[PDB]
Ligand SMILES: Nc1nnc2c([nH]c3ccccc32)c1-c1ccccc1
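One chain follows as structure tokens, the form solved without the ligand.
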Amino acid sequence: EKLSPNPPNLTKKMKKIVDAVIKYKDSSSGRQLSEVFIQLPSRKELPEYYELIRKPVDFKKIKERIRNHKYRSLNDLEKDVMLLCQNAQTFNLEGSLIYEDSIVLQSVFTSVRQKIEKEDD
């Protein structure tokens, strides 16, 4: 089944937010924080990930869920981004590069969402 499309301005805003979060780079090192979250590792590769993380998500899935109108609100989108980051914090250890990048990405999402929505008045 096809879902009823969101209003196109809502879709547009979801896309702009996710694009900005994905492109965000650490200023000192140039590292794209999101690059490790684009594509989940396979269950073949990393079976233990799928033992611990019950609802995996990556940015490929998030973009899919935007395109297919699964998210009906920015709150819906935000929850999946926060879940993506939660999962990173469960599977990786506090103080690790990947854990700490996921913490920053939570704040980037919030800041980017607000910039975009304030722009739209």
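For every residue, the number given is its place in the sequence shown, counted from 1. Here the rigid core means the biggest group of C-alpha atoms that line up within 1.5 Å when the two forms are laid on top of each other.
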{"item": "In 6 other deposited structures of this protein, rigid core aligned: more displaced of 55 to 63 and 28 to 36 by C-alpha RMS", "value": "28 to 36"}
{"item": "Entry-level comparison of average CA B-factors, 4 to 12 and 112 to 120, reporting the higher stretch", "value": "112 to 120"}
{"item": "Between 87 to 95 and 72 to 80 (mean CA B-factor, as deposited), the higher", "value": "87 to 95"}
{"item": "Of the residues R31, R67, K60, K44, the one carrying the largest Cα B-factor as recorded", "value": "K44"}
{"item": "Where the record places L52 (Cα B-factor, split into thirds across the chain)", "value": "highest"}
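Heads up, the form solved in complex with the ligand isn't pictured, but that's what we're talking about next.
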query: 4.5 Å heavy atom contact, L52 and the ligand in the deposited bound form; finding: no
query: In the deposited bound form, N92 touching the ligand (heavy atom, 4.5 Å); finding: yes
query: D58, heavy atom within 4.5 angstroms of the ligand in the deposited bound form; finding: yes
query: Distance check, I103 to the ligand in the deposited bound form, heavy atom within 4.5 Å; finding: no
query: Output flag, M14, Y24 and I116 jointly within 4.5 Å of the ligand in the deposited bound form, heavy atom basis; finding: no
query: Of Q39, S29, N68, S73, the one that lies within 4.5 Å of the ligand in the deposited bound form (heavy atoms); finding: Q39
